[PDB]
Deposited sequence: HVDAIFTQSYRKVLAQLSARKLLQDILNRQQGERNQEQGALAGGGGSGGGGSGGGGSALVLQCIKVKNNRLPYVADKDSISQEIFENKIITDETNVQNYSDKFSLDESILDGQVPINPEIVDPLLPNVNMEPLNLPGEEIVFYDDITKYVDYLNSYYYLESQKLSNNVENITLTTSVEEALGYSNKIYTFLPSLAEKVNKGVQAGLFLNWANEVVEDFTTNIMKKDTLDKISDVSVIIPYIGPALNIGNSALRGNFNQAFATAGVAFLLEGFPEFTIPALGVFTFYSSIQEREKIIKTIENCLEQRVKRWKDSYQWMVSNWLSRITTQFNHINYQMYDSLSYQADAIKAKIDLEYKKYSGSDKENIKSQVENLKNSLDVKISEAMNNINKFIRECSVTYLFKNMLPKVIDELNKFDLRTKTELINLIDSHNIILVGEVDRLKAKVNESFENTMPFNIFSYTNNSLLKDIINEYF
């Protein structure tokens, strides 16, 4: 149902992804360039300590102004749904709890203090039962058994994307793109693509590259050919340096945002283990019997095994997120870069054809036929690969 949300969540500044500004990286590939006839680039041993004093010298006083103090302000960010940060706050335990119980609804867990959100329906059943007039380890191990099997879940999507498998419980855990409630993390991830995990992040797009030009005169013999060979060197440089710019954007803007899901899911999985640990300890106090002091050593090992079993689930999420970060570079960024490079190539080629058409008579023993065949340089292109 509906639930009037009237309160904020204060997320810390350095628990958010660093996303660099697009203009702040490097503008060199977009700048225009003029091509010329010579464009070309590419013990300690055991010593003695000496007296450090020296004779005094007259220094004038270096008048330093000093730094001005700057007070930084907080940010408010209004959002249209219960996003990841709301779903995370629901999973937390209150300050000095008593009798906690898990719940499948997020809005109940936010409102009530004792109630805590869970993204696993089967876990909500088996946890809230407790020791139903029976043995302790019968219930307690069934909770951890159900907890383990659910965090190792992997769904195999096919047909579309290089991503082999996706982890389905991220959807109800963090509500990525309002996936929970609708209940279609698997469908929405396939339809929209890998960029779905970036919540409301502007779609990647690259502006047009810099234009090559030449001198108006270029009146010397040998000179026009001497600069056209250097033009083809700068074309290869432009492909090379455009890929480095693409990687500069990926490393500073994209990879950081994908790792945010790694951090959020570890927090999510940690709050679930804290809820199970608390419930076991509460039910341990409520339970009584002859075999109680005997199992003490065994139950503490079951609590410590949760920390190991989260890492097993995290290694799947790391593997999943690493794919998503890498496949973003291949299918979202790279095609737009190659398309813009192909526009740059066609624009540079039309310039080179018309450069030869302007200068027919100079420096030729009919080498126009030989020079027109050098367009085979544009035939082959510089590829890009990963690992």
### Task
Go through the deposited sequence from residue 1 and tell me which stretches lack C-alpha coordinates, in order.
1 to 55, 98 to 113, 459 to 474
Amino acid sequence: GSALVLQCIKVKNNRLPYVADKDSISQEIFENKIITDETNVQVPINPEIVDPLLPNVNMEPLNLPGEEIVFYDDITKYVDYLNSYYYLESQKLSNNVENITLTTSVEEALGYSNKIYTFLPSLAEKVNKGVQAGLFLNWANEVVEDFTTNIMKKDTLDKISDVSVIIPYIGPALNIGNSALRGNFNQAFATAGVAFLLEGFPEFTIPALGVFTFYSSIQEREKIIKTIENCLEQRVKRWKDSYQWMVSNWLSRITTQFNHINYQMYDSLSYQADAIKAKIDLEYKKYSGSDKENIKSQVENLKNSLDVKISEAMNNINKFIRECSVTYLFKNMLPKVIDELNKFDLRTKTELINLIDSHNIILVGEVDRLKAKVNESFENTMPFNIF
From here on, numbers count along this sequence of modelled residues.
### Mean temperature factor over C-alpha atoms, higher-scoring stretch between 307 to 315 and 80 to 88
307 to 315
#### Entry: Mean C-alpha B-factor comparison - 225 to 233 and 258 to 266, higher one
225 to 233
### Identity of residue with top Cα B-factor, from 191, 103, 138, 150
138
### Message
According to the Cα B-factor stored in this entry, which of the following is highest: 343, 322, 336, 359?
### Response
359
## Note on the structure
Entry-reported C-alpha B-factor of residue 74 relative to its chain, by third, is lowest
### Query
residue 112: which third of its chain by C-alpha temperature factor?
middle
### Message
Going by the CA temperature factor in the PDB record, which third of the chain does residue 354 belong to: lowest, middle or highest?
### Response
highest
### Query
What third of its chain, lowest, middle or highest, does the C-alpha temperature factor of residue 293 fall into?
highest
## Note on the structure
By the entry's values, the third containing the CA B factor of residue 94 is the middle
